[PDB]
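In the authors' numbering, the protein residues as written are 0, 4 to 86.
In structure tokens, the structure reads:
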């Protein structure tokens with residue numbers, strides 16, 4: 000049903019795993035960047051410091067994912083050229 007920004011951040015995070023497993027690196031990075039943007043929105047709605055700190059760590063986790071996926075994408079791009 004209904005979707006607020008935290009629900010959308012979680013939806014993008016689920017979609018990013020699907021796309022990365024399919025070898026769709028760029029699309030997976032975009033989902034992690036969208037999830038971080040939606041978390042930035044959800045962080046404006048927190049009423050407690052524990053919820054705020056936890057959403058901030060969740061957003062940073064998407065940044066760590068972006069770095070990992072970028073590195074893996076570069077490796078897959080080089081492999082693609084090597085095998086063509």
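Backbone N, C-alpha and C fix where the C-beta goes; we use that ideal spot for every residue, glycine too.
Selected residue, minimal CA-CA separation from residue 76, among 19, 31, 10 | In the chain shown, the residue the question calls residue 76 occupies position 74. The shortest C-alpha separation from residue 76 is found at 31.
Put residue 49 into one of helix, strand or coil per three-state DSSP.
-> The count along the chain shown starts at 1 and reaches residue 49 at position 47. Looking at residue 49 - three-state DSSP - the assignment turns out to be coil, as it is neither helix nor strand.
In this structure, does DSSP put residue 28 in helix, strand or coil?
-> Reading the chain shown from its first residue, position 26 is the one you call residue 28. If DSSP states are grouped into helix, strand and coil, residue 28 belongs with the helices.
Look at the alpha carbon of residue 57 and the alpha carbon of residue 71, and state the distance between them as a whole number of angstroms.
-> For the purposes of this step, residue 57 is identified with residue 55 of the chain shown, where counting begins at 1. For the purposes of this step, residue 71 is identified with residue 69 of the chain shown, where counting begins at 1. When rounded, the distance between both Cα atoms is 21 angstroms.
Between which two residues does the alpha helix (DSSP H) containing residue 18 stretch?
-> Here residue 18 refers to the residue found at position 16 when the chain shown is read from its first residue. Segment 7-23, the alpha helix (DSSP H) holding residue 18.
Take the Cβ of residue 67 as the centre, count every other Cβ of all protein chains shown within 10 Å, and call the residue buried at 16 or more, exposed below.
-> The count along the chain shown starts at 1 and reaches residue 67 at position 65. Flag for residue 67 reads buried.
Are residue 36 and residue 14 touching if we call contact CB-CB under 8 angstroms?
-> The residue labelled residue 36 in the question sits at position 34 within the chain shown. The residue labelled residue 14 in the question sits at position 12 within the chain shown. Cβ atoms of residue 36 and residue 14: closer than 8 angstroms.
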